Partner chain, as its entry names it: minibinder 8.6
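Heads up, the chain below is alone and in the form solved without its partner chain; it's given as structure tokens.
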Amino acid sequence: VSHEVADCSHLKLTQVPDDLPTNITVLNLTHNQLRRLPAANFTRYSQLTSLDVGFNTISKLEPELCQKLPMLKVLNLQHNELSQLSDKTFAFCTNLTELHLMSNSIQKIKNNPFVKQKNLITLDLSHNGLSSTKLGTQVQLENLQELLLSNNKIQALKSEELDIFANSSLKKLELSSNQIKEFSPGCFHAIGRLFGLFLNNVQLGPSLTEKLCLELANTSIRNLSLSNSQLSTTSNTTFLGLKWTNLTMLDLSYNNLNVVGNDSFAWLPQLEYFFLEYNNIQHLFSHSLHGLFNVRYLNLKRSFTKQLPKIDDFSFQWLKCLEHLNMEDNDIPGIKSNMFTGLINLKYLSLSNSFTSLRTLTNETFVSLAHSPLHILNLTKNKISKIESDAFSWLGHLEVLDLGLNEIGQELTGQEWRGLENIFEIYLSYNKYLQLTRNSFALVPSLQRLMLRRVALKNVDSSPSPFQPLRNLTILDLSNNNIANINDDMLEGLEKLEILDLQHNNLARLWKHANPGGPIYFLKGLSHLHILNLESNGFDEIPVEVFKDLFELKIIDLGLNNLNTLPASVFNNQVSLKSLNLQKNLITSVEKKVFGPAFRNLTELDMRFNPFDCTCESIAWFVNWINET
């Protein structure tokens, strides 16, 4: 209720609190039942820089309010009943920088209610019933940067209505959700400078959009947003007026856009950020994207027709500066031999769920990416079942390859990865089955992260381990594979390994003292291991020496096993341990000879759902149970 900011929100107040500190600089009276704001009630609060009375039932402002509050900068009156403004309403609010007047059923503005707002930066008149952008009769609001007029009833734009902004530089003119049917010649030129224009949810269509762009010719426009404006088609004339601009962001998302005519964007050589997501493009032509040679970011998520879309070879060849291409969630048949040809700056490519399928990654699938400096390639959710030898040989700069969430069922011969000289991470989690050999990862000794979660993983017990070549590995996820057989040298030579996930496997036997040959010390030498997940493996015994090398271990997860008895000294080398998790085991006792050194430095303990019996109290730090104790 007070940190020099007063929160009086949601309190069913019919009057301003008369007993807050004279300290306060922010008064928040949102969601109450105020009908009026009398000037006398604010004498006490001469220090307010912000007054938020949004969501009340205020129908008028006493002009003297603003002389009581000479420091008022932010005034929020949204969702009230302030439908009539006069020249008196804000005349004394000369210090305002933000004025929020949304949802007041303002239908008309009649004279100059904003003329004293010489320091105003933001004016928000959204969600009213305004049929015009006329907000005064003389040049004013010179400092205004954002004018928000969205969700009104504006039907035309006219120079004589916007010319009070002749001295203003508008970063944002938001006219979304108005039924604008006319851009009268010169309308945008009436504004001193116009940088950003939003006409989202304005039914325009190709013919009116072309007139609009003509009105934008020779303006300062950088950002133009036409989302859901029914731009069903574009042609080489639609954006012609933008030839006389330095437009850098165009948003044509959500347009049910079906046909992109050749040279539709020839007139946008400076465009850098292009949003085409959620459209219905049936066939992308080889010259549809001609001229876009400065585009750095292109979003094509769900841009193409569903169910099939056609992308001509060489369609992206023009996009010489494109660095980040999102093509996710589409029904493209497959990848043609020149699909990405010309993309000489592409560093990021998302093809997640982009194809009806890409059943087989052949040695030609990615050829058109050979001259791209590609670092990230996302191939998730493409129902991929088979990766052939040399599938990624074209991708010598690739750092991250995401192949998760496919249907890959194969032996990894190791040839799949040839050419991947710079690989840092391979994500293979959630595939149908992967059978490893000693050679599965030999061609990628630079690998640092390898995720093989839930891939029905076979033959990790290869004779030199499949992981032997990966001396720089820092993360290995082997979880959820029902692995029963691991050799003691599985992770030998992996001194850099920091994260090891082995949960939901079947390793219980390996750590029983009765295991034939004796227990398997597969954590030996892992001196930089920080996080170790051994949950849900059926463990009911831990050999005393299994964590003996784990001096840097910070987090151990041994929960959801069947442990009770732990041998004395088992956690003795655990000098760095911060979280010890043993929830949902069969633990009846907690003796110092085991837990003393483990508890020494913990910031977190979770032994929550165990069958306790012969116990020992808690002191210094986080134990999240009082019920599960």
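Positions refer to the first chain, counted from 1.
The deposited sequence places 4 to 9 unmodelled residues between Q307 and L308.
Here 459-467 and 411-419 are compared by their mean Cα B-factor, and 459-467 comes out higher.
Per the deposited coordinates, the residue with the largest Cα temperature factor out of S440, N431, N533, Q282 is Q282. Each of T474, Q117, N345, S357 has a CA temperature factor in the record; the biggest one is found at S357. In this PDB entry, the Cα temperature factor of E552 sits in the bottom third of its chain's modelled residues, the lowest group. When the modelled residues of the chain are ordered by C-alpha B-factor, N41 sits in the lowest third.
Split the chain's modelled residues into thirds by C-alpha temperature factor. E492 is in the middle one. When the modelled residues of the chain are ordered by C-alpha B-factor, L349 sits in the lowest third. Sort the modelled residues of the chain by CA B factor and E160 lands in the highest third.
What follows is about the form deposited with its partner chain bound, which we do not show.
Stretch-level contact check against its partner chain in the entry with it bound with heavy atoms at 4.5 Å: of 446-454, 106-114, 265-273, 408-416, the positive one is 446-454. Taking the partner from elsewhere, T603 is found to have a heavy atom lying within 4.5 Å of its partner chain in the entry with it bound. Taking the partner from the other structure, its partner chain in the entry with it bound has a heavy atom within 4.5 Å of a heavy atom of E399. In the entry with it bound, its partner chain sits beyond 4.5 Å of every heavy atom of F92. The closest non-hydrogen atom of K578 lies within 4.5 Å of its partner chain in the entry with it bound.
Here is the short version: of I499, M249, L240, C321, the single residue with a heavy atom within 4.5 Å of its partner chain in the entry with it bound is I499.
In terms of contact with its partner chain in the entry with it bound, the residue from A156, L214, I376, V74 that brings a heavy atom within 4.5 Å is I376.
Residues of 423-443 placing a heavy atom within 4.5 Å of its partner chain in the entry with it bound, in sequence order: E425, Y427.
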